[PDB]
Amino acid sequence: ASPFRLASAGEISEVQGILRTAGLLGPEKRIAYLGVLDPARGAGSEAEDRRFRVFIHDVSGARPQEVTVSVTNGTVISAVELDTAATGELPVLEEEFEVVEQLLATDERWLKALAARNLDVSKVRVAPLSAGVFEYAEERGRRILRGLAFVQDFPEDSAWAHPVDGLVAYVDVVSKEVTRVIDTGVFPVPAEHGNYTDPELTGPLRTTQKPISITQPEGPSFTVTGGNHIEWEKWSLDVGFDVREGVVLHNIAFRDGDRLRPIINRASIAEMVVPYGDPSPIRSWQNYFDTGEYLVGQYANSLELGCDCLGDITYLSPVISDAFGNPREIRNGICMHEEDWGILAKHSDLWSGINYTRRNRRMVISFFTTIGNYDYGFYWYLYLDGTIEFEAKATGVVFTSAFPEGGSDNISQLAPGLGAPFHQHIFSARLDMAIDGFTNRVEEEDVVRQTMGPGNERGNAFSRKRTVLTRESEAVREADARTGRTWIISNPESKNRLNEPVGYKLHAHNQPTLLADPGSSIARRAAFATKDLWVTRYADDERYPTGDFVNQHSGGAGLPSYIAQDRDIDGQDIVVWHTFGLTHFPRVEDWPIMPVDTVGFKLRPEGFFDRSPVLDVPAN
């Protein structure tokens, strides 16, 4: 009965019926996005109204639509025809993944390019690549995908091992026209295979790994109620799933004594982009909003027990829409489990003779997704001591190219003739904060060094300073690792026993942000990425730092536009947008399949509690 429950197959079918009956779902229509809408604010006393938000595509060439419907009242709440040159194109469809290769398969330019390289068209894979926005005037208002080719030698060959450099094509997937084919010249196609399951490459597999058994004889310490509501070691939350963002956390709160204390209203990865830094015209247009353009949630994997999730695992199976509004289940797409996490607290005292040791543990909510060559794990952790943490795990196969004779300042060689262009993976965590409720503010905290002198005669003193961010036009902050810069979210109206506003402190990894020249297309389209921290005033229609329609959108949209409203953020319903990412110069070790690398952030309680919240934890 919780408004925050996961979408049911039944609900998805109702949406399809509603649209179909309203005439909005003819045979040429396609569902590119379907997601349930969160309950609105001002409903501290309201009745069930489940609404869903739909983006509908037309394959015949008609204008696409944005539509909101109520699945409790079977009504179209809103239906609007979009102008895509203006507000952007709809997310890429999985059904379009095969299209580029097929269109080029009958184009003479393409075939001429393939023949010159002596490549059999039936062996040539073409990645379905988001096109972004550059100089091609005929592209405005058209649904374009760009194509880069990789030879697959046999049905189970890793095509990534065999990039075709010096060649790219653009295609209009609607009109089914190949608009441009560009051959800058021939590069040898790297020859080695990258088949990480070939005994010829793996070699004799190891027999040295003895098993590690992790079990819970009394079951797990967390309970799940009403499908997705979690209670665990004082924590309370709802686990959501959206096809764009993937796993989303709702109503994170902590049970302190006899109060249920809210901390974060909604946590999600609201965007993730992969900009490439290779100035070759074959790739310099590459920037993949894996979240905004492709929708990470639709491609979450079914996690295999013992393989993908070890221990006592509890699965949720989130239901999504297909392109035709049928409900599809992602069997075991979400793992939920608790794991030991080493020592929590420990002291042996030289005076009391007391020896004290307590173990830590964390609740994990995770899922893993695939977007082309990439595979990402998205993990949320709740710790006994009140800490909240996110962690992304980056693996899969590196996006490949030729390695240029003479080397490169922008590409790494992984194997003979084989290159990997430099890129970043930059995430945006959207945190709808609710520290003891919605009245929150953000302060930027820096370490303050003090000069030796009067009142600091020995020159040992150091301090800190906090700066309240009061309006959106001054809540665009950058990192400063050198001065230990963090950001504190507090409630100015809720004090702890020492009469201090309760707060939580954000600790960022301080990784480099978007490296692109500010004048670049990507800088404008991914402006969120150019700064570590943004704070906005909450609003119903400000969901992604890149706006609702990322694909082939002009730029400026999203965060840069919202903060133009310059709204009061000093003791209000606010949202923190945290930029964090990996700058990836590929190594030989990354090839032929890459070991997990990680990035993330965490928040620790800062005067939230009146003392350590883990004194009541028993001693094993």
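So that there is no doubt, residue numbering starts at 1 and follows the sequence shown. In this text, rigid core is short for the largest set of C-alphas that superpose within 1.5 Å between two forms.
After superposing on the rigid core, the larger RMS C-alpha deviation in 7 other deposited structures of this protein belongs to 93-101, the other candidate being whichever of 93-101 and 160-168 remains. A fit on the rigid core, followed by a root mean square over CA positions in 7 other deposited structures of this protein, ranks 62-70 against 37-45 and picks 37-45 as the more shifted one. Stretches compared: 298-306, 357-365. Higher mean C-alpha B-factor in the entry: 298-306. As the entry records it, the average C-alpha temperature factor is higher for 69-77, out of 69-77 and 280-288. The entry lists C-alpha B-factors for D566, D590, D573, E28, and the highest of these is at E28. Among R458, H423, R259, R482, the highest C-alpha B-factor recorded in the PDB entry belongs to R259. In the deposited entry, the Cα temperature factor of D385 places it in the lowest third of its chain's modelled residues. Sorting the modelled residues of the chain by their CA temperature factor places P327 in the middle third. When the modelled residues of the chain are ordered by C-alpha B-factor, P220 sits in the highest third. Split the chain's modelled residues into thirds by C-alpha temperature factor. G23 is in the middle one.
Placement of the Cα temperature factor of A85 within the chain: highest third of the modelled residues, per the deposited record.
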